[PDB]
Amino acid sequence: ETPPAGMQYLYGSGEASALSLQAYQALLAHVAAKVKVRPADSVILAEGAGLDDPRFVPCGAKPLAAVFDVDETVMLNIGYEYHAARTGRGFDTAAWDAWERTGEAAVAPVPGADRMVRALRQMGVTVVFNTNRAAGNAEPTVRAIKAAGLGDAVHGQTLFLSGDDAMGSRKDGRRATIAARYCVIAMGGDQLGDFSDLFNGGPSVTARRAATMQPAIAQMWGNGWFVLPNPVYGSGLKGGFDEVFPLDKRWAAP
């Protein structure tokens, strides 16, 4: 038996490896330019700014930082997805809670994520993690991040988890806390919720894809917001046939 195709790609292929290394290379070059010249806008949206008319929290004189999602952005959850491939039970809240507590032995860095995290700190940029892992599992998450070669994270200062506020999986509140004390010059993630909660909680698969091509949002990709692949799970694996294949681009073999 062979693993699911999405796992073959993300965890096995050199295509996905080069895809990840490219994103970090662009991130390191973008941060370096912002270290030499501090911008006026940070890369975190201001509160009340919709996807229709985007506006950002100002940078000011706050310390420079970069926000990262953890799972499948800087850290590969190889151990859990191996269990998902063996079982088929990918969506399991009880199994994932155990993985958050006992998975520090089976984690790997996204290709180049350990190298960029060191470069960001040698550049004087603080590395902040904003993950939907549970606040109750903060200590095993810190150990897993350390075991992935991603440095030392501290709960409340450089690590913000689900449950730190009364908003659940919504990360806008935690992004507001980070931007209130840091000037975030770059933000990485593998799901659109890692850049704005406005991509989720309503918009359809067709609407979310169009939202990324909003010219004010489109200018962010590779230029402030940095994306990494995840065809294994999450909000990217949704939609039926009429949403994946538009009816004006359909074809039948003879």
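For every residue, the number given is its place in the sequence shown, counted from 1. For clarity, a rigid core is taken as the largest C-alpha set superposing within 1.5 Å between two forms.
*Asks:* Line up the rigid core: which moves more in 4 other deposited structures of this protein, 27-35 or 46-54, by C-alpha RMS?
*Replies:* The stretch that sits farther from the shown form in 4 other deposited structures of this protein is 46-54.
*Asks:* Is it the case that at least a third of the other compared entries omit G90, given both of its neighbours are modelled there?
*Replies:* It is, since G90 is left out of at least a third of the other entries that model both flanking stretches.
*Asks:* Please work out which of 12-20 and 240-248 has the higher mean CA B-factor as recorded in the PDB entry.
*Replies:* Taking the mean B-factor of the alpha carbons in each, 240-248 is higher.
*Asks:* If you average the CA temperature factors over each stretch, which comes out higher, 30-38 or 203-211?
*Replies:* Averaging CA B-factors over each stretch, the winner is 30-38.
*Asks:* Looking at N77, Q157, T73, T131, which has the highest Cα B-factor in the entry?
*Replies:* Of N77, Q157, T73, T131, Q157 has the highest C-alpha B-factor.
*Asks:* Among the choices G149, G90, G103, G163, identify the one whose CA B-factor in the record is greatest.
*Replies:* Result of the comparison over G149, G90, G103, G163: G90.
*Asks:* Quick one: classify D172 as lowest, middle or highest third of the chain based on its Cα B-factor.
*Replies:* For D172, whose C-alpha B-factor we compare with every modelled residue in the chain, the answer is the lowest third.
*Asks:* If you rank every modelled residue in this chain by C-alpha B factor, which third holds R86: lowest, middle or highest?
*Replies:* Its C-alpha B-factor, which the entry lists for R86, ranks in the highest third among residues of this chain.
*Asks:* Select lowest, middle or highest to describe the third in which the CA B-factor of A113 falls within its chain in this entry.
*Replies:* Ranked within chain, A113 CA B lands in the lowest tercile.
*Asks:* Consider only the C-alpha atoms of the modelled residues in this chain, order them by B-factor as the entry records it, and name the third containing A95: lowest, middle or highest.
*Replies:* Middle third, going by the recorded CA B-factors of the chain.
*Asks:* For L64, return the chain-relative third of its C-alpha B-factor as stated in the PDB record: lowest, middle or highest.
*Replies:* Within its chain, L64 is a highest-third residue by C-alpha B-factor, going by the deposited values.
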